[PDB]
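What follows is a single chain, given as structure tokens, in the form deposited in one PDB entry.
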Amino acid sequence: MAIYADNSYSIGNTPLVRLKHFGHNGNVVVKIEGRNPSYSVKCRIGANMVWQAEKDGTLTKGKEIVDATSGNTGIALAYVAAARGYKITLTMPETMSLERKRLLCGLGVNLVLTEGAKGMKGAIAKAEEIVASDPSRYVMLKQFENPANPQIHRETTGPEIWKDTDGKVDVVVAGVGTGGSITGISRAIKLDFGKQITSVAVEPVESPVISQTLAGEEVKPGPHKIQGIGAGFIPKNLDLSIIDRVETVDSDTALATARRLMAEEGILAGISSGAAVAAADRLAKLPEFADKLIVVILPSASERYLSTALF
């Protein structure tokens, strides 16, 4: 038939929409990862990191999920925990938007707010304390280094892009947070489908640690408003070997592009979706990419950024 046993199995199969006010002669095509169980790309890894943990016995009945995240990964793990019957504790600074806090409370996760001045480090700290108090009961999924992260993109997101474009995709543009998306997609298309595309990583110009690293320059991260990317470091789940190009975008332009997506394309896209498009638009208007079909990842949806500068 086509009936999913729980909500975690309904992930993926996100659509491709062709942009009309970006690129040149419709060479920019976006992938709407907002059309997911919890309305973000993270739904794929929230599912697979849990499925994998079960498969190798690290996650069993009675066990409890504890992790640190202040983005869509928390919402992704939350719905999967609920759908599959796991208790879950998520740690994050008390600096979080009340909107997302109530959303998580609606999903039945134990909220642990760490000190604001501590930030994420304090969040990871508390989460690691909790696990340490009962290492037999608690399990941390660790999105940045868990191989289950980019693996699911190699098995789903990548093949979806390949099938929908009939293998005519020449470029993939994606922001980097955990790096799992670009890694899995690139690995899928370059190795499993054997086509030598151009993988483009997008990062904030405010915190361009990938551009700085590849050039041997001094790594100097910084604050930005492009939620979802710009971790300030190189994640283990970012495979540099498959990265062909690194584009940088500023927050202000990324915001503007996201507004343009709504008012002009009729696409409810997130902030990082604007950054990814703004970068692809730049490439698309290069005569070297005029022939090339450019597929862009739109990680999330607008209504998640209601209380932000997006509106």
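In this text, rigid core is short for the largest set of C-alphas that superpose within 1.5 Å between two forms. From 1 onward, residues are counted along the sequence shown.
Mean temperature factor over C-alpha atoms, higher-scoring stretch between 87-95 and 198-206: It is 87-95 that shows the higher mean C-alpha B-factor.
Output the stretch having the higher mean C-alpha B factor in the entry; the candidates are 157-165 and 96-104. The entry gives the higher C-alpha B-factor average to 96-104.
Going by the deposited entry, which of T178, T114, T183, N146 has the highest CA temperature factor? Of the options given, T114 has the highest CA B-factor in the PDB entry.
Highest CA temperature factor in the entry: which of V80, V173, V139, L238? Among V80, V173, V139, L238, the highest C-alpha B-factor in the entry belongs to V139.
Consider only the C-alpha atoms of the modelled residues in this chain, order them by B-factor as the entry records it, and name the third containing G23: lowest, middle or highest. It falls in the bottom third of the chain.
Comparing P287 with the other modelled residues of its chain, is its CA B-factor in the lowest, middle or highest third? As the PDB entry reports it, the C-alpha B-factor of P287 lands in the highest third of its chain.
Split the chain's modelled residues into thirds by Cα B-factor; is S300 in the lowest, middle or highest one? Lowest third - that is where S300 ends up once the chain's C-alpha B-factors are sorted.
Can you tell me whether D56 has a C-alpha B-factor in the lowest, middle or highest third compared with the other modelled residues of the same chain? Highest third.
Among modelled residues of the same chain, the CA temperature factor third for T248: Bottom third by C-alpha B-factor.
Beyond the structure shown, there is the form deposited in another entry, which is absent from this document and is the topic of what follows.
Relative to the superposed core, which single residue of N146, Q227, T156, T114 shows a CA shift of 2 Å or more between this form and the one not shown? Just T114.
So, superposing on the core, is the move of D170 at the CA at least 2 angstroms between this form and the one not shown? Comparing forms between this form and the one not shown, the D170 CA shifts below 2 Å.
Please determine whether the C-alpha atom of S97 is displaced by 2 Å or more between this form and the one not shown following superposition on the rigid core. Yes, the C-alpha position differs by at least 2 Å between this form and the one not shown.
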